[PDB]
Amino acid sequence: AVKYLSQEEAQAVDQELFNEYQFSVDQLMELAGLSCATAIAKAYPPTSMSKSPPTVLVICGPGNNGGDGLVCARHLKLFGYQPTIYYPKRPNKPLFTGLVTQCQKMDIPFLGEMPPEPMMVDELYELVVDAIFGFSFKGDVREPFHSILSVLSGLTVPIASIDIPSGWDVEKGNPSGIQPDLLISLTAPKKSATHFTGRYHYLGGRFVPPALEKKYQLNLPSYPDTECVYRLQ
């Protein structure tokens, strides 16, 4: 069966990838974000949703998970969804300034603020994508993210979390945290994923060189044909 990583194991795999294999940051981020988008479309495809086009709020954090979120949003657009992004804290680097402009001229909107009540979120959006915190998260959940997460736990619409349900401890989880319905584990799942009890768990990030998989004994399952995601069960 497939292996679930420690924060330490995953920080290590990630640094091989950029330092040894010399994969570039935005290369992998593109592929990670595509997988997210691809998991969401397979779990909640347009035909099955009530709105044509189905609506989605993508909430992006201040670090790389936020980045994956921006990329996901843009592929969601192309896959037939009507996404909206809340990106309250934006790092000033070209990486992120470029992902912002791309989404803008796709006509994907950026909310100036978070709807403060879960019911309004539920009414506006058929799905919320949690791209706030990922693998390297150590916090200390500070504002404005505490109250975002507090709105999220009152939602009736599904939450799709990228890599790690934000607010959960990367290894241990959080019983009183948000309880997503879809989780996209990128590269390899993290021990906190054994606490996941939603209906959909996909593996994404089809870019792990087989010698890395053999080295860290990841026992990655075989993605089918040309797919960039695989449903874990």
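Throughout, rigid core stands for the largest set of C-alpha atoms superposing within 1.5 Å between the two forms. Note that residue numbering follows the sequence shown and begins at 1.
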**Request:** With everything overlaid on the rigid core, name the stretch, 123 to 131 or 138 to 146, whose CA atoms wander farther on average in 6 other deposited structures of this protein.
**Result:** 138 to 146
**Prompt:** Between 53 to 61 and 187 to 195, which has the larger average Cα B-factor in the PDB entry?
**Reply:** 187 to 195
**Request:** Higher average CA B factor in the deposited record is what I'm after, so tell me if that's 106 to 114 or 124 to 132.
**Result:** 106 to 114
**Asked** Of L95, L152, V157, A160, which one's C-alpha B factor is largest in the deposited record?
**Response** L95
**Asked** So among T47, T38, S166, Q27, who wins on Cα B-factor in the entry?
**Response** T47
**Request:** Pull the Cα B-factor of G139 out of the PDB entry and bin it into the chain's lowest, middle or highest third.
**Result:** highest
**Fill in**
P91: CA temperature factor from the record, placed by chain third, in the highest
**Request:** Quick one: classify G66 as lowest, middle or highest third of the chain based on its Cα B-factor.
**Result:** middle
**Asked** Which third of the chain holds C228 when residues are ordered by C-alpha B factor: lowest, middle or highest?
**Response** lowest
**Fill in**
Tertile call for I178 (CA temperature factor, within chain, third-based) is the middle
